[PDB]
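The structure file protein.pdb is reproduced below (PDB, C-alpha atoms).
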ATOM      1  CA  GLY A   1     103.611 122.982  84.848  1.00  0.00           C
ATOM      2  CA  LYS A   2     102.188 119.793  83.294  1.00  0.00           C
ATOM      3  CA  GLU A   3      98.458 120.466  82.828  1.00  0.00           C
ATOM      4  CA  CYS A   4      97.969 116.732  82.177  1.00  0.00           C
ATOM      5  CA  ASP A   5      97.748 115.151  85.650  1.00  0.00           C
ATOM      6  CA  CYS A   6      96.223 112.040  84.032  1.00  0.00           C
ATOM      7  CA  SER A   7      96.204 110.237  80.657  1.00  0.00           C
ATOM      8  CA  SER A   8      92.813 108.488  80.378  1.00  0.00           C
ATOM      9  CA  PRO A   9      90.221 109.429  77.730  1.00  0.00           C
ATOM     10  CA  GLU A  10      87.519 107.843  79.926  1.00  0.00           C
ATOM     11  CA  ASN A  11      88.355 108.711  83.549  1.00  0.00           C
ATOM     12  CA  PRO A  12      86.134 110.631  85.992  1.00  0.00           C
ATOM     13  CA  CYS A  13      88.966 111.858  88.247  1.00  0.00           C
ATOM     14  CA  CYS A  14      90.644 113.329  85.158  1.00  0.00           C
ATOM     15  CA  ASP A  15      89.147 115.037  82.100  1.00  0.00           C
ATOM     16  CA  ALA A  16      90.767 114.103  78.768  1.00  0.00           C
ATOM     17  CA  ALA A  17      89.813 117.536  77.394  1.00  0.00           C
ATOM     18  CA  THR A  18      92.408 119.100  79.718  1.00  0.00           C
ATOM     19  CA  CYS A  19      94.037 115.768  80.702  1.00  0.00           C
ATOM     20  CA  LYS A  20      93.819 117.175  84.251  1.00  0.00           C
ATOM     21  CA  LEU A  21      91.677 116.270  87.267  1.00  0.00           C
ATOM     22  CA  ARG A  22      88.907 117.452  89.427  1.00  0.00           C
ATOM     23  CA  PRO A  23      90.272 118.903  92.697  1.00  0.00           C
ATOM     24  CA  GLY A  24      88.847 115.949  94.633  1.00  0.00           C
ATOM     25  CA  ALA A  25      91.487 113.184  94.372  1.00  0.00           C
ATOM     26  CA  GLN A  26      95.231 113.480  93.663  1.00  0.00           C
ATOM     27  CA  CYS A  27      95.830 111.762  90.301  1.00  0.00           C
ATOM     28  CA  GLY A  28      93.860 110.221  87.415  1.00  0.00           C
ATOM     29  CA  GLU A  29      96.428 107.623  86.288  1.00  0.00           C
ATOM     30  CA  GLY A  30      99.754 106.281  87.637  1.00  0.00           C
ATOM     31  CA  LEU A  31     101.294 103.186  89.278  1.00  0.00           C
ATOM     32  CA  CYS A  32     101.773 104.728  92.738  1.00  0.00           C
ATOM     33  CA  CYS A  33      98.259 106.220  92.617  1.00  0.00           C
ATOM     34  CA  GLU A  34      95.109 104.182  93.366  1.00  0.00           C
ATOM     35  CA  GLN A  35      91.533 105.470  93.691  1.00  0.00           C
ATOM     36  CA  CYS A  36      92.801 108.683  92.062  1.00  0.00           C
ATOM     37  CA  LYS A  37      94.939 109.045  95.208  1.00  0.00           C
ATOM     38  CA  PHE A  38      98.687 108.493  95.700  1.00  0.00           C
ATOM     39  CA  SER A  39      99.856 105.105  96.989  1.00  0.00           C
ATOM     40  CA  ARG A  40     101.361 104.914 100.497  1.00  0.00           C
ATOM     41  CA  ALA A  41     105.175 105.002 100.751  1.00  0.00           C
ATOM     42  CA  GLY A  42     107.049 101.734 100.147  1.00  0.00           C
ATOM     43  CA  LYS A  43     104.574 100.926  97.347  1.00  0.00           C
ATOM     44  CA  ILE A  44     106.182  98.320  95.060  1.00  0.00           C
ATOM     45  CA  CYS A  45     105.911  99.755  91.531  1.00  0.00           C
ATOM     46  CA  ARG A  46     108.488  97.496  89.835  1.00  0.00           C
ATOM     47  CA  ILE A  47     110.086  94.125  90.488  1.00  0.00           C
ATOM     48  CA  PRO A  48     112.966  92.822  88.339  1.00  0.00           C
ATOM     49  CA  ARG A  49     114.317  89.398  89.436  1.00  0.00           C
ATOM     50  CA  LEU A  50     118.018  89.601  90.375  1.00  0.00           C
ATOM     51  CA  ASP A  51     119.100  90.389  93.954  1.00  0.00           C
ATOM     52  CA  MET A  52     118.262  94.082  94.471  1.00  0.00           C
ATOM     53  CA  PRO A  53     115.990  96.491  96.354  1.00  0.00           C
ATOM     54  CA  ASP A  54     112.506  96.203  94.831  1.00  0.00           C
ATOM     55  CA  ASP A  55     111.277  99.520  93.393  1.00  0.00           C
ATOM     56  CA  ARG A  56     108.888 101.086  95.933  1.00  0.00           C
ATOM     57  CA  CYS A  57     107.030 104.414  95.623  1.00  0.00           C
ATOM     58  CA  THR A  58     107.908 107.253  98.026  1.00  0.00           C
ATOM     59  CA  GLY A  59     104.216 107.240  98.987  1.00  0.00           C
ATOM     60  CA  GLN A  60     103.836 110.828  97.748  1.00  0.00           C
ATOM     61  CA  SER A  61     104.616 110.049  94.086  1.00  0.00           C
ATOM     62  CA  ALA A  62     101.684 109.059  91.835  1.00  0.00           C
ATOM     63  CA  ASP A  63     103.672 107.119  89.207  1.00  0.00           C
ATOM     64  CA  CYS A  64     106.925 105.153  89.579  1.00  0.00           C
ATOM     65  CA  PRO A  65     110.149 106.500  88.111  1.00  0.00           C
ATOM     66  CA  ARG A  66     113.281 104.423  87.387  1.00  0.00           C
ATOM     67  CA  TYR A  67     116.462 104.701  89.492  1.00  0.00           C
ATOM     68  CA  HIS A  68     119.450 102.338  89.805  1.00  0.00           C
TER
END

Could the structure of this file be written out as structure tokens, please?
Amino acid sequence: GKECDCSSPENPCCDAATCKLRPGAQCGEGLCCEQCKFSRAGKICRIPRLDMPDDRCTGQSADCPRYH
């Protein structure tokens, strides 16, 4: 139940007072979230350098986690 769906003290999609958003977009901040909306699936959110599967967003996630 995180009431903070964003972390920007100067964002329109999200109010810092309640660190939440206005029921118009999907997120206020995040790597897999652009235009206050989530990024499509397969969204590269991290790229190391060795030989491995680049980190891509599930398309429904707003930020990018860390697995593997």

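As for CA of residue 44 in chain A and CA of residue 68 in chain A, they are spaced 14.8 Å apart.
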
Go through A:40, A:33, A:28, A:56 one by one, measure the shortest atom-to-atom distance of each to residue 9 in chain A using all atoms listed in the file, and give the residue with the smallest value.
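For residue 9 in chain A, the nearest of the given residues is A:28.
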
Check what the PyMOL selection byres ((chain A and resi 13) around 10) selects in the file above and give those residues as JSON, numbers by chain.
{"A": [5, 6, 8, 10, 11, 12, 14, 15, 16, 19, 20, 21, 22, 23, 24, 25, 26, 27, 28, 29, 35, 36, 37]}

Given the PyMOL selection byres ((chain A and resi 31) around 8) and the file above, list the residues it selects as a list in words.
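Applied to this file, the PyMOL selection byres ((chain A and resi 31) around 8) selects residues 29, 30, 32, 33, 34, 45, 62, 63 and 64 of chain A.
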
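Between CA of residue 60 in chain A and CA of residue 38 in chain A lies a distance of 6.0 Å.
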
Counting all atoms listed in the file, the option among A:54, A:47, A:65, A:18 closest to residue 3 in chain A
A:18

CA of residue 41 in chain A to CA of residue 53 in chain A: how many Å, to one decimal?
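Computing it gives 14.4 Å between the two atoms.
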
6 Å per side around range 59-66 of chain A: axis-aligned box centre and edge lengths, as JSON:
{"center_x": 107.5, "center_y": 107.6, "center_z": 93.2, "size_x": 23.6, "size_y": 18.4, "size_z": 23.6}
